[PDB]
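Next comes just one chain, in C-alpha cells: the form deposited in one PDB entry.
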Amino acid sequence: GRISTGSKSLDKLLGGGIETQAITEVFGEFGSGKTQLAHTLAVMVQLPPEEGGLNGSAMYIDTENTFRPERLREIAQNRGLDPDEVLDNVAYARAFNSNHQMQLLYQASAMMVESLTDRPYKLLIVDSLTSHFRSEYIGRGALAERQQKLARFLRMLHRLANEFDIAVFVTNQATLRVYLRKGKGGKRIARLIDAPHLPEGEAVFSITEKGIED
C-alpha cells in the first residue's frame, strides 16, 4: 500500500507515496519540513485509497516536543475532513529518552494487534529517529553502543512494518532515504538518496494550511 504525502509532485518522485512494509527516512536541516510531512501523512493515511490513504489509523512517536494536534485539526478542516474524527484516529506519545522510545514500540505492537477493526494502524511515525541518541552520546560518539541501540530500534521498526503491513516514516536531522532542503526563493525541494533504479530528479513541494501540497 502507498500513502500520499499530500503533494502530487513528491508522490510522483516516491512512486505514488510512502510504502507499507517499508521504512521511509526523510532527512534535512531544521526547518526543511520533516515534521510537517509527518503531520500530513497522519491525516492522509485515514483517507480511502482513491484519495491517497489506506483507510487506516496513525501512530506518532515524538522525540522533539513538536507534535501539534491543532495542526492535524487545521489540515483536516482544509481537506474537508471532520477534525474530531481525524484526531481520534491518531495515537501519539512523547519519548523523553532513547530507552522510552524503544519501550513505546512494545506498547505500539500491542495497540496494533488490537486494531487488526475497520481502521487498523497503517502508519507509524518516529520524529525523530536519532535526536535522543545524539544527545545521550555527546562526548562519546565513538562508542559502539550508540550504533547498536539504533540498529536494534530499526530492526524492531522493520518487524512492525512487515507484521502489521504498516508504513514506517522516520525523520533524521531505511528502505528509502529522502533529502529535504530549501533552494532559491525558499523553494522546498525533495530528492532520493542512494536509491538506484529510482527517480534521480528533485520534486518541489509547499507547506500550507492543508499541510504538504503542490
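Under this definition, the rigid core comprises the largest set of C-alpha atoms superposing within 1.5 Å between the forms. So that there is no doubt, residue numbering starts at 1 and follows the sequence shown.
> Going by the record, give me the number of deposited-sequence residues missing between residue 173 and residue 174 as none, 1 to 3, 4 to 9, or 10 or more.
Per the deposited record, the segment joining residue 173 and residue 174 lacks coordinates for 10 or more residues.
> Select one of none, 1 to 3, 4 to 9, or 10 or more to describe the deposited residues without coordinates separating residue 111 and residue 112.
Nothing is missing between them.
> Test of understanding: from the entry's C-alpha B-factors, which stretch has the higher mean, 31-39 or 146-154?
According to the PDB entry, the answer is 146-154.
> On mean Cα temperature factor in this entry, is 195-203 or 6-14 the higher one?
Comparing averages over the C-alpha atoms only gives 195-203.
> Using the entry's values, work out which of 116, 72, 129, 125 has the largest Cα B factor.
So the option with the highest C-alpha B-factor is 116.
> For the chain shown, is the CA B-factor of residue 95 in the lowest, middle or highest third of its modelled residues?
Middle third - that is where residue 95 ends up once the chain's C-alpha B-factors are sorted.
> With respect to C-alpha B-factor, does residue 64 fall in the lowest, middle or highest third of the chain as deposited?
Within its chain, residue 64 is a middle-third residue by C-alpha B-factor, going by the deposited values.
> Sorting the chain's CA B-factors, does residue 133 end up in the lowest, middle or highest third?
Ranked within chain, residue 133 CA B lands in the middle tercile.
> Grab the CA temperature factor for residue 76 from the record and place it in the lowest, middle or highest third of its chain.
Tercile = lowest for this residue's CA B-factor.
Beyond what is shown, the protein has a form deposited in another entry; the following relates to that form.
> Which one moved? Candidates are 183, 69, 31, 49, criterion is a Cα shift of 2 Å or more between the shown form and the other one after superposing on the core.
Comparing the C-alpha positions, the one residue that moves 2 Å or more is 183.
> Examine residue 139 after superposing the rigid core and state whether its CA is displaced by 2 Å or more between the shown form and the other one.
Moves: yes, 2 Å or greater.
> Closer or farther: the C-alpha atoms of residue 142 and residue 145 in that other deposited form, versus the form shown, with a change of 3 angstroms or more?
Between the C-alphas of residue 145 and residue 142, the gap narrows in that other deposited form (3 Å or more compared with this form).
> In that other deposited form, the Cα separation between residue 141 and residue 128 changes by 3 Å or more relative to the shown form; did it shrink or grow?
Farther apart in that other deposited form, by 3 Å or more.
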